[PDB]
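1. Here is the sequence, then the experimental structure:
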Amino acid sequence: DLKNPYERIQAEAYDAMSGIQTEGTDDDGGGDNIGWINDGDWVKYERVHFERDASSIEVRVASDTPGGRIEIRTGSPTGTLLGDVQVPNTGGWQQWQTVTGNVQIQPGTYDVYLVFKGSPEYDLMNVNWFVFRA
Ligand code: NA
Ligand code: NA
Ligand code: NA
């Protein structure tokens with residue numbers, strides 16, 4: 001029941017969340033995405049085990065609005081920021097692109113949170129999956 005950050009983790013496979021909902025995705029491979037994302041919402045993935053330092057994250061995203069950003073934190077939604085990712089308008093809620101951002105994560109096992117940030121006035125993005133790189 002550990003999660004491997006160096007292979008895709010599906011965003012709907014969260015252990016806790018605040019503010020979001022899931023739906024079926026039109027992205028290739030099918031499956032699901034999280035959506036209805038607003039400024040301050042988050043998702044938690046428990047027991048994510050890094051055997052080696054991570055230096056970036058890659059996230060599969062879509063947005064019909066101006067987008068926003070994803071903060072990577074551990075331990076709690078307020079835990080130290082380890083990196084972030086900018087998410088642009090992609091031309092629609094099921095128009096998918098992969099974005100990346102730097103992180104610094106040392107080996108260990110963590111509760112990983114993706115915390116969504118942007119304007120409070122519109123929903124920000126959809127997320128299919130994410131994966132870290134060393
Ligand atoms: Na929301
Ligand atoms: Na960044
Ligand atoms: Na997914």
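-> Happy to help now that I have it. Numbering: from 1, shown residues only. Ligands and ions are numbered 1, 2, ... in the order given.

2. Could you list the paired strands of the helix or strand hosting residue 55 along with their orientation?
-> Using DSSP states H and E, residue 55 falls within strand 54-63. Strand 54-63 has the following strand partners under DSSP bridges: strand 92-105 (antiparallel), strand 126-133 (antiparallel).

3. what sits against the spatially closest residue to residue 66 that is not a sequence neighbour?
-> Distance criterion CB to CB, 6 or more residues apart in numbering; nearest residue to residue 66, sequence neighbours excluded, is residue 89 at 5.7 Å. Just so you know, the C-beta spots here come from the backbone N, C-alpha and C atoms, and that holds for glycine as well. Contact partners of residue 89, counting by CB atoms under 8 Å, 6 or more residues apart in numbering, are 63, 64, 65, 66, 67.

4. which among the residues you listed end up buried?
-> Buried residues within the contacts of residue 89, counting neighbours by 16 or more other CB atoms under 10 Å: 63, 64, 65, 67.

5. Spit out the contact partners of the residue nearest to residue 35 when sequence neighbours are not counted.
-> Nearest residue to residue 35 in three dimensions, chain neighbours excluded: residue 126, at 4.2 Å (CB to CB, 6+ apart). Counting by CB under 8 Å, 6+ apart, residue 126 makes contact with 25, 33, 34, 35, 37, 61, 62, 63, 93, 94.

6. Also residue 80?
-> Contacts of residue 80 by CB under 8 Å, 6+ apart are 73, 74.

7. Would you mind measuring from it to residue 25?
-> Remark: distance between residue 80 and residue 25 (CB to CB, to the nearest Å) = 31 Å.

8. Against residue 101, how distant is residue 83?
-> From residue 83 across to residue 101, the span is 5 Å (CB to CB).

9. Need the overlap of contacts for the two.
-> 56, 57, 72.

10. for stretch 83-95, how far is the first residue from the last?
-> 24 Å (CA to CA, to the nearest Å).

11. Can you tell me who the spatially most central residue of the chain pairs with across the strands?
-> Most central in the chain under CA atoms, centre = their mean is residue 114, positioned 4.9 Å from the mean C-alpha point. Counting by DSSP bridges, residue 114 forms beta bridges with residue 43, residue 72.
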